[PDB]
Amino acid sequence: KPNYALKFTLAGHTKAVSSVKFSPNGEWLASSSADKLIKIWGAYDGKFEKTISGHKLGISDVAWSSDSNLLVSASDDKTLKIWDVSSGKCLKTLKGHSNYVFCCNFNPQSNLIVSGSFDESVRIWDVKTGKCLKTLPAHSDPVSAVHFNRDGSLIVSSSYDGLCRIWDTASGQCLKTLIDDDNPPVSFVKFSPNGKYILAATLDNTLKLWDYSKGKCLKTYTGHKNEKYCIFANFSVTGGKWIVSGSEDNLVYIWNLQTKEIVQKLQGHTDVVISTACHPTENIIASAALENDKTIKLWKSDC
Amino acid sequence: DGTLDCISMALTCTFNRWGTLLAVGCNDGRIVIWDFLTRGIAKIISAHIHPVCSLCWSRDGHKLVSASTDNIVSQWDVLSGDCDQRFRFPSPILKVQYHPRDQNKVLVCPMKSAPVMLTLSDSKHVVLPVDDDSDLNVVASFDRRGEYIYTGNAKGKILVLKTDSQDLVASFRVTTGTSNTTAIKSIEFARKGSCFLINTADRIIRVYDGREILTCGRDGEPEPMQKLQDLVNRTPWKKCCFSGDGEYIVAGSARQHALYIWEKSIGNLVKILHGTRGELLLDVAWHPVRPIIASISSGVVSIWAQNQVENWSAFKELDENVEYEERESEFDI
Amino acid sequence: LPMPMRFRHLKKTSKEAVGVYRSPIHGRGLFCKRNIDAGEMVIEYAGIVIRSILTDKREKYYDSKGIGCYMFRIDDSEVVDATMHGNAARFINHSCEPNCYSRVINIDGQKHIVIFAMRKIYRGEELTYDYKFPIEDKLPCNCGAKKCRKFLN
Ligand SMILES: Nc1ncnc2c1ncn2[C@@H]1O[C@H](CSCC[C@H](N)C(=O)O)[C@@H](O)[C@H]1O
Ligand SMILES: Nc1ncnc2c1ncn2[C@@H]1O[C@H](CSCC[C@H](N)C(=O)O)[C@@H](O)[C@H]1O
Ligand SMILES: [Zn+2]
Ligand SMILES: [Zn+2]
């Protein structure tokens, strides 16, 4: 079981933080918020690297490039924006989403972008020209989270209408639709590291790991509190296999991956722990809370 | 079924090893490496002033061999676009072909001379033998693994040599049925398995299995796995190719700018694709791991994909009405 | 042509003859993708063939599940219920001026509800027929026809 202890507390976003992500090299931590600002920080010392502005409205998601060189920022201004992380330059501004863009993710080869917006349609975007290559009426409700598989052949999509839909990338083909006998608003979704499973959070204090080849939920995770906000979930792999997530009770929940049992509860945040990020290499977890906290906390364990 | 405006003077194209990039030659003599996923050009290489008529990827995909119409062959790194090596010959080159299991080696089919296999490490060359000594037009190709070389002459004679020794490991002449020979237009192989095809001047594609030629020995009578033609129009075939798996075969009717699609085992025509009646069909290729087909006609490339039942059809979708099977306790409490 | 042969042809061409798109009538609906002649088979409303006595037990069941009923009366004895298992015909809007019409055919003893074309339908047209819904006490219609009853019922 992990023993994550607070090592660095990070803050500075004037408004509610919406996403924090570790750089794939583990060198930086990108924090987006509704303040139209992004903040790069040092991933090991909590050293504030810089602030990147340019978005016109609140930012609902930000995602790193695989080479740790680019960052896509999906903002409430209906725009994406691709930035060079080294220069902070707005290399591209992606226009075409008819409403608030909530999520964004790069392809495993970092040359393509998937984007979900309030328009309830998922847009598929070029990187080097920033051109929208596809647009899909994916869901009947604003999209919450979109993500690539291990290779970029499949795109998983979640939305408030409770649907988790796997789509073909080359054709936009709606491959699968996962249903759990009800309509639980799915606020987050992502593939497994092996691309074999899918972790989806529903707004009923429940996380669900599904098999893709089976199309059925394999494991369930409860004990946390998440019913309104887009609370992120990550796979803790650098140490033991765990499932880390935020919760509306100001806690940072860590379940065992296999046994689904809570293996740690990181407390110290005063607001809802809105965003989570797991270090790609180290046993480091960045937990960012909402506006009543406005703080990001680094946690380091020994296993 | 989908074209690309960003490239002009399309003359010849070639899929990479995984069907992610497409290097197309242009009349200016430029390589346009265009990407499928981003659906955009990935690279532009100033290859020759002369148009490029032969293009092949390396196994690692980091090398491309190109042949100009100036009898100038050149190897280029796909990342940089530099001319790694450059050679020139007489009897302008008809084709180049990397060795599939040794990218250092590359076979070259010239116009009037015999095909020669060169290496990039050492600028040496091995002239492959010619049966009749007077063909002046012999197409040649590696097999799927690069273990044998299949050479077909304008006189229907087919030699199977071993790639290392150039020794005659098999031989046979194809027939026009009665007693006559036919100009071997081209030899193609399957990237999977051992089935290969021959396009000939009789407008009849002949599908064989190379093991049967190897066991047929020299100067034998191997029958084709299949015989394929347009019995309706009797149309020539400018370019043909297998499917990525090797169970579907396509032919390009440049006479009427159409595409015929047969199977391998049965050999029945899968389908036909019709292009612009005014376009002159030039080049044909299949996506190696997709039901996607690239066509080059009048300098313009077109794409032909094939999708499944879904992308809108996924309740539980059914096709025909289903009589409900009533149970014993169907009305019970 | 034989109703079986015509039905085989219809089931072969249905997947590429019609489509479903965003509809100005309402939400999503069936549009024509290839010019359809008059009286020819447009589409089967394929689904679960059940007896009439089992309709209510299913309906209430869906009423307990909040799932809309997709049922069409074959006759006084049979019904094609497409709620759980159906085809694209579940997206045919209605118009007071239909270019289509529903008819029951008998193939090898089993009844099929096929929407045929009341007239020569051209590509792009949205497919609509007369649901002939009995007069209730009220669903407003937005079919756009000048003869529109303002209400299916
Ligand atoms: N002509 C019309 N006028 C008013 N409402 C209509 C209509 N045609 C269809 N509708 C409405 O559309 C619904 C079709 S059920 C399909 C739901 C939605 N259109 C979708 O595509 O997901 C019916 O319940 C009905 O209320
Ligand atoms: N004229 C009309 N007025 C109101 N609803 C209509 C209508 N014509 C069709 N509908 C809708 O058609 C449905 C029964 S059949 C469903 C077909 C519909 N086009 C669809 O896309 O699902 C009903 O639920 C009703 O909502
Ligand atoms: Zn009407
Ligand atoms: Zn009407």
# chains A, B, ... in the order shown; residues from 1 in each chain; ligands from 1
call {"tool": "closest_atom_pairs", "arguments": {"of": "chain C", "to": "ligand 4", "cutoff": "12 Å", "atoms": "only C-alpha atoms and all ligand atoms", "output": "Markdown table"}}
result
| residue | atom | partner | partner_atom_place_in_ligand_line | distance |
| --- | --- | --- | --- | --- |
| C:25 | CA | ligand 4 | 1 (Zn) | 10.4 |
| C:93 | CA | ligand 4 | 1 (Zn) | 10.2 |
| C:94 | CA | ligand 4 | 1 (Zn) | 7.0 |
| C:95 | CA | ligand 4 | 1 (Zn) | 4.3 |
| C:96 | CA | ligand 4 | 1 (Zn) | 3.1 |
| C:97 | CA | ligand 4 | 1 (Zn) | 6.3 |
| C:98 | CA | ligand 4 | 1 (Zn) | 8.4 |
| C:99 | CA | ligand 4 | 1 (Zn) | 12.0 |
| C:128 | CA | ligand 4 | 1 (Zn) | 9.8 |
| C:129 | CA | ligand 4 | 1 (Zn) | 9.7 |
| C:130 | CA | ligand 4 | 1 (Zn) | 8.6 |
| C:131 | CA | ligand 4 | 1 (Zn) | 10.3 |
| C:132 | CA | ligand 4 | 1 (Zn) | 10.8 |
| C:133 | CA | ligand 4 | 1 (Zn) | 11.7 |
| C:139 | CA | ligand 4 | 1 (Zn) | 11.0 |
| C:140 | CA | ligand 4 | 1 (Zn) | 9.1 |
| C:141 | CA | ligand 4 | 1 (Zn) | 5.9 |
| C:142 | CA | ligand 4 | 1 (Zn) | 6.8 |
| C:143 | CA | ligand 4 | 1 (Zn) | 4.9 |
| C:144 | CA | ligand 4 | 1 (Zn) | 6.7 |
| C:145 | CA | ligand 4 | 1 (Zn) | 5.5 |
| C:146 | CA | ligand 4 | 1 (Zn) | 7.8 |
| C:147 | CA | ligand 4 | 1 (Zn) | 6.5 |
| C:148 | CA | ligand 4 | 1 (Zn) | 3.4 |
| C:149 | CA | ligand 4 | 1 (Zn) | 5.3 |
| C:150 | CA | ligand 4 | 1 (Zn) | 6.3 |
| C:151 | CA | ligand 4 | 1 (Zn) | 7.0 |
| C:152 | CA | ligand 4 | 1 (Zn) | 7.0 |
| C:153 | CA | ligand 4 | 1 (Zn) | 10.3 |
call {"tool": "interface_residues", "arguments": {"of": "chain B", "to": "chain A", "cutoff": "10 Å", "atoms": "only C-alpha atoms", "output": "PDB file with N, CA, C and O atoms, in the first residue's frame"}}
result
ATOM      1  N   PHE B  36      -1.487   9.551 -44.546  1.00  0.00           N
ATOM      2  CA  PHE B  36      -2.877   9.121 -44.582  1.00  0.00           C
ATOM      3  C   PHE B  36      -3.657   9.655 -43.394  1.00  0.00           C
ATOM      4  O   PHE B  36      -4.787  10.127 -43.549  1.00  0.00           O
ATOM      5  N   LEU B  37      -3.076   9.567 -42.202  1.00  0.00           N
ATOM      6  CA  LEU B  37      -3.811   9.929 -41.000  1.00  0.00           C
ATOM      7  C   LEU B  37      -4.052  11.429 -40.951  1.00  0.00           C
ATOM      8  O   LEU B  37      -5.201  11.884 -40.932  1.00  0.00           O
ATOM      9  N   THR B  38      -2.976  12.220 -40.941  1.00  0.00           N
ATOM     10  CA  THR B  38      -3.140  13.667 -40.992  1.00  0.00           C
ATOM     11  C   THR B  38      -3.729  14.112 -42.317  1.00  0.00           C
ATOM     12  O   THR B  38      -4.162  15.263 -42.437  1.00  0.00           O
ATOM     13  N   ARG B  39      -3.754  13.223 -43.309  1.00  0.00           N
ATOM     14  CA  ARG B  39      -4.288  13.535 -44.628  1.00  0.00           C
ATOM     15  C   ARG B  39      -3.591  14.758 -45.218  1.00  0.00           C
ATOM     16  O   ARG B  39      -4.227  15.647 -45.787  1.00  0.00           O
ATOM     17  N   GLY B  40      -2.265  14.797 -45.082  1.00  0.00           N
ATOM     18  CA  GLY B  40      -1.478  15.891 -45.609  1.00  0.00           C
ATOM     19  C   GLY B  40      -0.113  15.412 -46.054  1.00  0.00           C
ATOM     20  O   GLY B  40       0.304  14.289 -45.761  1.00  0.00           O
ATOM     21  N   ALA B  42       3.708  14.953 -45.986  1.00  0.00           N
ATOM     22  CA  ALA B  42       4.700  14.874 -44.922  1.00  0.00           C
ATOM     23  C   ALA B  42       6.074  15.369 -45.342  1.00  0.00           C
ATOM     24  O   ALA B  42       6.847  15.812 -44.487  1.00  0.00           O
ATOM     25  N   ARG B 290      -5.140  -2.070 -45.052  1.00  0.00           N
ATOM     26  CA  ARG B 290      -6.459  -1.460 -45.097  1.00  0.00           C
ATOM     27  C   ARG B 290      -7.137  -1.785 -46.417  1.00  0.00           C
ATOM     28  O   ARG B 290      -6.461  -1.998 -47.430  1.00  0.00           O
ATOM     29  N   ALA B 305     -11.742   3.602 -50.182  1.00  0.00           N
ATOM     30  CA  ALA B 305     -11.819   2.853 -48.941  1.00  0.00           C
ATOM     31  C   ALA B 305     -13.029   1.930 -48.967  1.00  0.00           C
ATOM     32  O   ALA B 305     -13.805   1.898 -49.923  1.00  0.00           O
ATOM     33  N   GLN B 306     -13.174   1.162 -47.892  1.00  0.00           N
ATOM     34  CA  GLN B 306     -14.290   0.231 -47.762  1.00  0.00           C
ATOM     35  C   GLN B 306     -14.641   0.144 -46.284  1.00  0.00           C
ATOM     36  O   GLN B 306     -13.828  -0.328 -45.484  1.00  0.00           O
ATOM     37  N   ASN B 307     -15.836   0.601 -45.924  1.00  0.00           N
ATOM     38  CA  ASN B 307     -16.264   0.667 -44.534  1.00  0.00           C
ATOM     39  C   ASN B 307     -17.236  -0.459 -44.193  1.00  0.00           C
ATOM     40  O   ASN B 307     -17.806  -1.113 -45.070  1.00  0.00           O
ATOM     41  N   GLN B 308     -17.418  -0.673 -42.890  1.00  0.00           N
ATOM     42  CA  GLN B 308     -18.262  -1.744 -42.372  1.00  0.00           C
ATOM     43  C   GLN B 308     -19.717  -1.271 -42.302  1.00  0.00           C
ATOM     44  O   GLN B 308     -20.085  -0.224 -42.842  1.00  0.00           O
ATOM     45  N   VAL B 309     -20.568  -2.049 -41.623  1.00  0.00           N
ATOM     46  CA  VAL B 309     -21.989  -1.716 -41.532  1.00  0.00           C
ATOM     47  C   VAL B 309     -22.212  -0.526 -40.607  1.00  0.00           C
ATOM     48  O   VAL B 309     -23.167   0.242 -40.782  1.00  0.00           O
ATOM     49  N   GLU B 310     -21.333  -0.336 -39.631  1.00  0.00           N
ATOM     50  CA  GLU B 310     -21.483   0.722 -38.643  1.00  0.00           C
ATOM     51  C   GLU B 310     -21.048   2.065 -39.209  1.00  0.00           C
ATOM     52  O   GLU B 310     -20.995   2.245 -40.430  1.00  0.00           O
ATOM     53  N   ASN B 311     -20.768   3.009 -38.314  1.00  0.00           N
ATOM     54  CA  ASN B 311     -20.568   4.443 -38.494  1.00  0.00           C
ATOM     55  C   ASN B 311     -21.903   5.177 -38.596  1.00  0.00           C
ATOM     56  O   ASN B 311     -21.917   6.405 -38.507  1.00  0.00           O
ATOM     57  N   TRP B 312     -23.029   4.478 -38.755  1.00  0.00           N
ATOM     58  CA  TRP B 312     -24.301   4.969 -38.231  1.00  0.00           C
ATOM     59  C   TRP B 312     -25.211   3.875 -37.691  1.00  0.00           C
ATOM     60  O   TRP B 312     -26.146   4.194 -36.949  1.00  0.00           O
ATOM     61  N   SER B 313     -24.972   2.605 -38.010  1.00  0.00           N
ATOM     62  CA  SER B 313     -25.900   1.526 -37.699  1.00  0.00           C
ATOM     63  C   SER B 313     -25.645   0.889 -36.338  1.00  0.00           C
ATOM     64  O   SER B 313     -26.152  -0.206 -36.079  1.00  0.00           O
ATOM     65  N   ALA B 314     -24.872   1.537 -35.473  1.00  0.00           N
ATOM     66  CA  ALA B 314     -24.615   1.006 -34.137  1.00  0.00           C
ATOM     67  C   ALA B 314     -24.967   2.030 -33.064  1.00  0.00           C
ATOM     68  O   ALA B 314     -24.357   2.056 -31.995  1.00  0.00           O
TER      69      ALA B 314
END
call {"tool": "interface_residues", "arguments": {"of": "chain B", "to": "chain C", "cutoff": "12 Å", "atoms": "only C-alpha atoms", "output": "ChimeraX atom specification"}}
result
/B:308-327,330-333
call {"tool": "residues_around", "arguments": {"residues": "segment 99-105 of chain B", "least_positions_apart": "2", "cutoff": "9 Å", "atoms": "only C-alpha atoms", "output": "list in words"}}
result
residues 58, 59, 60, 63, 97, 107, 117, 118, 119, 120, 121, 122, 142, 143, 144, 145, 146 and 147 of chain B
call {"tool": "closest_residue", "arguments": {"among": "A:92, A:269, A:196, A:139", "to": "ligand 1", "atoms": "only C-alpha atoms and all ligand atoms"}}
result
A:139
call {"tool": "interface_residues", "arguments": {"of": "chain A", "to": "chain C", "cutoff": "12 Å", "atoms": "only C-alpha atoms", "output": "mmCIF file with N, CA and C atoms, in the first residue's frame"}}
result
data_model
loop_
_atom_site.group_PDB
_atom_site.id
_atom_site.type_symbol
_atom_site.label_atom_id
_atom_site.label_comp_id
_atom_site.auth_asym_id
_atom_site.auth_seq_id
_atom_site.Cartn_x
_atom_site.Cartn_y
_atom_site.Cartn_z
ATOM 1 N N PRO A 137 -21.095 13.792 -34.800
ATOM 2 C CA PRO A 137 -22.138 13.976 -33.784
ATOM 3 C C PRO A 137 -22.100 12.832 -32.789
ATOM 4 N N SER A 140 -25.324 12.771 -27.359
ATOM 5 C CA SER A 140 -26.511 13.591 -27.175
ATOM 6 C C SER A 140 -26.363 14.553 -26.002
ATOM 7 N N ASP A 181 -26.712 -0.704 -17.867
ATOM 8 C CA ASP A 181 -28.085 -0.966 -17.441
ATOM 9 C C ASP A 181 -28.766 0.310 -16.946
ATOM 10 N N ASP A 182 -28.036 1.420 -16.920
ATOM 11 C CA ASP A 182 -28.607 2.704 -16.547
ATOM 12 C C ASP A 182 -27.950 3.771 -17.412
ATOM 13 N N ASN A 183 -28.217 5.035 -17.089
ATOM 14 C CA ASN A 183 -27.647 6.176 -17.801
ATOM 15 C C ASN A 183 -26.851 7.030 -16.821
#
call {"tool": "closest_residue", "arguments": {"among": "A:93, A:144, A:66, A:234", "to": "residue 116 of chain A", "atoms": "only C-alpha atoms"}}
result
A:144
call {"tool": "residues_around", "arguments": {"residues": "residue 65 of chain A", "least_positions_apart": "6", "cutoff": "10 Å", "atoms": "only C-alpha atoms", "output": "list in words"}}
result
residues 23, 24, 71, 72, 82, 83, 84, 85, 105, 106, 107, 108, 109, 110, 111, 112 and 113 of chain A
call {"tool": "select_by_dssp", "arguments": {"residues": "segment 160-237 of chain B", "states": "helix (DSSP H, G or I)", "output": "number ranges by chain"}}
result
B: 210-216
call {"tool": "residues_around", "arguments": {"residues": "residue 300 of chain A", "least_positions_apart": "5", "cutoff": "12 Å", "atoms": "only C-alpha atoms", "output": "PyMOL selection string"}}
result
chain A and resi 2-9+43-45+236+238-239+266+278-279+281-287
call {"tool": "atom_distance", "arguments": {"atom1": "atom 16 (C, counted along the ligand's line) of ligand 2", "atom2": "atom CA of residue 23 of chain C"}}
result
12.2 Å
call {"tool": "atom_distance", "arguments": {"atom1": "atom CA of residue 28 of chain A", "atom2": "atom CA of residue 69 of chain A"}}
result
10.7 Å
call {"tool": "closest_residue", "arguments": {"among": "A:135, A:261, A:192, A:10", "to": "residue 297 of chain A", "atoms": "only C-alpha atoms"}}
result
A:10
call {"tool": "closest_residue", "arguments": {"among": "C:91, C:62, C:70, C:31", "to": "ligand 2", "atoms": "only C-alpha atoms and all ligand atoms"}}
result
C:91
call {"tool": "residues_around", "arguments": {"residues": "residue 265 of chain B", "least_positions_apart": "2", "cutoff": "9 Å", "atoms": "only C-alpha atoms", "output": "list in words"}}
result
residues 225, 226, 247, 248, 263, 267 and 268 of chain B
call {"tool": "write_last_selection", "arguments": {"atoms": "N, CA, C and O atoms", "output": "mmCIF file, in the first residue's frame"}}
result
data_model
loop_
_atom_site.group_PDB
_atom_site.id
_atom_site.type_symbol
_atom_site.label_atom_id
_atom_site.label_comp_id
_atom_site.auth_asym_id
_atom_site.auth_seq_id
_atom_site.Cartn_x
_atom_site.Cartn_y
_atom_site.Cartn_z
ATOM 1 N N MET B 225 -2.798 -20.825 -60.212
ATOM 2 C CA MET B 225 -3.842 -20.878 -59.198
ATOM 3 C C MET B 225 -5.149 -20.330 -59.750
ATOM 4 O O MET B 225 -6.231 -20.831 -59.421
ATOM 5 N N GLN B 226 -5.070 -19.308 -60.598
ATOM 6 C CA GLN B 226 -6.268 -18.676 -61.127
ATOM 7 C C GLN B 226 -5.951 -18.000 -62.450
ATOM 8 O O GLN B 226 -4.809 -17.635 -62.730
ATOM 9 N N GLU B 247 -5.922 -12.005 -50.489
ATOM 10 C CA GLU B 247 -7.102 -12.732 -50.931
ATOM 11 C C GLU B 247 -7.970 -11.924 -51.882
ATOM 12 O O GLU B 247 -9.040 -12.398 -52.279
ATOM 13 N N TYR B 248 -7.545 -10.722 -52.250
ATOM 14 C CA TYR B 248 -8.257 -9.900 -53.213
ATOM 15 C C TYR B 248 -7.254 -9.306 -54.187
ATOM 16 O O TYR B 248 -6.160 -8.892 -53.792
ATOM 17 N N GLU B 263 -11.418 -12.164 -56.311
ATOM 18 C CA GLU B 263 -10.881 -12.870 -55.161
ATOM 19 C C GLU B 263 -9.712 -13.754 -55.580
ATOM 20 O O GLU B 263 -9.377 -13.867 -56.760
ATOM 21 N N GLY B 267 -11.778 -16.586 -57.057
ATOM 22 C CA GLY B 267 -11.427 -15.802 -58.215
ATOM 23 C C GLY B 267 -12.573 -15.022 -58.812
ATOM 24 O O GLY B 267 -12.379 -14.359 -59.837
ATOM 25 N N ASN B 268 -13.759 -15.086 -58.215
ATOM 26 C CA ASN B 268 -14.887 -14.328 -58.725
ATOM 27 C C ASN B 268 -14.653 -12.839 -58.511
ATOM 28 O O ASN B 268 -14.008 -12.421 -57.546
#
call {"tool": "closest_residue", "arguments": {"among": "C:126, C:33, C:9, C:109", "to": "ligand 2", "atoms": "only C-alpha atoms and all ligand atoms"}}
result
C:126
call {"tool": "select_by_dssp", "arguments": {"residues": "chain C", "states": "strand (DSSP E)", "output": "ChimeraX atom specification"}}
result
/C:18-22,28-32,41-44,47-51,71-73,78-86,93-94,100-107,110-117,128-129
call {"tool": "write_last_selection", "arguments": {"atoms": "C-alpha atoms", "output": "tab-separated table (two decimals), in the first residue's frame"}}
result
chain	number	residue	atom	x	y	z
C	18	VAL	CA	-31.41	5.11	-47.81
C	19	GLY	CA	-29.63	6.93	-45.00
C	20	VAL	CA	-30.34	8.67	-41.70
C	21	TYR	CA	-29.36	12.29	-41.14
C	22	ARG	CA	-30.26	15.35	-39.13
C	28	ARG	CA	-32.84	12.47	-37.11
C	29	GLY	CA	-34.74	10.88	-39.97
C	30	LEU	CA	-34.60	8.79	-43.11
C	31	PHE	CA	-33.35	10.48	-46.29
C	32	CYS	CA	-33.15	9.13	-49.82
C	41	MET	CA	-39.77	-1.28	-52.17
C	42	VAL	CA	-38.20	1.46	-50.08
C	43	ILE	CA	-37.54	-0.32	-46.79
C	44	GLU	CA	-38.77	-3.05	-44.47
C	47	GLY	CA	-37.95	-6.12	-36.11
C	48	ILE	CA	-39.33	-8.64	-33.65
C	49	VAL	CA	-42.44	-10.35	-35.00
C	50	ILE	CA	-44.75	-10.97	-32.04
C	51	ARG	CA	-48.40	-11.75	-31.43
C	71	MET	CA	-44.19	-1.20	-32.56
C	72	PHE	CA	-46.17	-1.38	-35.78
C	73	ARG	CA	-49.36	-3.40	-36.12
C	78	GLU	CA	-49.16	-9.79	-35.26
C	79	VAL	CA	-46.93	-6.79	-34.58
C	80	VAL	CA	-43.37	-5.90	-35.51
C	81	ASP	CA	-41.85	-4.53	-32.30
C	82	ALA	CA	-38.58	-2.75	-33.11
C	83	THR	CA	-38.01	-1.17	-29.68
C	84	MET	CA	-35.09	-3.43	-28.74
C	85	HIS	CA	-34.29	-5.00	-32.12
C	86	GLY	CA	-34.94	-3.22	-35.39
C	93	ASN	CA	-40.76	10.60	-40.01
C	94	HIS	CA	-44.38	11.23	-41.02
C	100	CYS	CA	-44.37	6.55	-49.30
C	101	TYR	CA	-46.93	4.09	-47.99
C	102	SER	CA	-46.86	1.01	-45.76
C	103	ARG	CA	-48.05	-2.36	-47.03
C	104	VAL	CA	-47.99	-5.85	-45.56
C	105	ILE	CA	-46.65	-8.61	-47.81
C	106	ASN	CA	-46.61	-12.38	-47.34
C	107	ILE	CA	-43.28	-14.06	-48.08
C	110	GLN	CA	-44.43	-14.67	-42.86
C	111	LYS	CA	-45.71	-11.11	-43.04
C	112	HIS	CA	-43.38	-8.19	-43.73
C	113	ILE	CA	-44.30	-4.52	-43.35
C	114	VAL	CA	-42.61	-2.77	-46.28
C	115	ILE	CA	-42.71	0.97	-46.87
C	116	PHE	CA	-42.98	1.43	-50.64
C	117	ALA	CA	-42.75	4.72	-52.53
C	128	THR	CA	-42.12	9.95	-44.77
C	129	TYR	CA	-45.34	7.94	-44.76
call {"tool": "atom_distance", "arguments": {"atom1": "atom CA of residue 23 of chain B", "atom2": "atom CA of residue 106 of chain B"}}
result
17.7 Å
call {"tool": "residues_around", "arguments": {"residues": "residue 181 of chain B", "least_positions_apart": "3", "cutoff": "9 Å", "atoms": "only C-alpha atoms", "output": "list in words"}}
result
residues 154, 155, 156, 157, 173, 174, 175, 176, 177 and 184 of chain B
